[PDB]
């Protein structure tokens, strides 16, 4: 039982191969691609809460040198980001398994604004991590699952234009720019 799969695996893979970059802003920025996963093997009638946090992919600050991401400086330990409760929580296993679970509303930021936005440090790699926590009862049951293909480097401005082109070609809110290309 208990299986959690990554939706849109192909698009994520393409981002990984280019070394994915996620914008983080003073006000909070949404992720792209949107983290979507499928879960099964949950007690359909049990109550569960889904959580999302980000763990440091390594202890290096990265820098873009000669068109390539490169680690540098004194390596430092990085604490896992604060947790983001998926908005559908708490909810039945049946609900969680009906349709794919999407984290489309989570906002990433570089500030410590307690508005339910996940603070991350730019120029550091992160890997999203999902937690399914059983609600109620007296026994604890908690599962975690990370996806290597969702690793990215938090940034305040894109560096690799190959990524920017992938964002533009796939994110609806960036259609203006895509349209600009399809005619010029």
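Positions refer to the first chain, counted from 1.
> Report the stretch with the higher mean CA temperature factor, choosing between 74-82 and 98-106 on the basis of the entry.
On average, C-alpha B-factors are higher across 74-82.
> Please compare 120-128 with 64-72 and say which has the higher mean C-alpha temperature factor in the record.
Averaged over C-alpha atoms, the B-factors run higher in 64-72.
> For the C-alpha B-factor as written in the entry, point me to the maximum among 27, 151, 159, 38.
Top of the list by C-alpha B-factor: 38.
> Where does residue 93 sit by CA temperature factor within its chain: lowest, middle or highest third?
For residue 93, whose C-alpha B-factor we compare with every modelled residue in the chain, the answer is the middle third.
> Is residue 115 in the lowest, middle or highest third of its chain when residues are ranked by C-alpha B-factor?
Highest third - that is where residue 115 ends up once the chain's C-alpha B-factors are sorted.
> Could you tell me which third, lowest, middle or highest, the C-alpha B-factor of residue 44 occupies within its chain?
According to the entry, residue 44 has a C-alpha B-factor in the chain's middle third.
> Compared with the other modelled residues in the chain, in which third is the CA B-factor of residue 52?
For residue 52, whose C-alpha B-factor we compare with every modelled residue in the chain, the answer is the lowest third.
> Which third, lowest, middle or highest, does the C-alpha temperature factor of residue 135 belong to within its own chain?
Its C-alpha B-factor belongs to the middle third of this chain's values.
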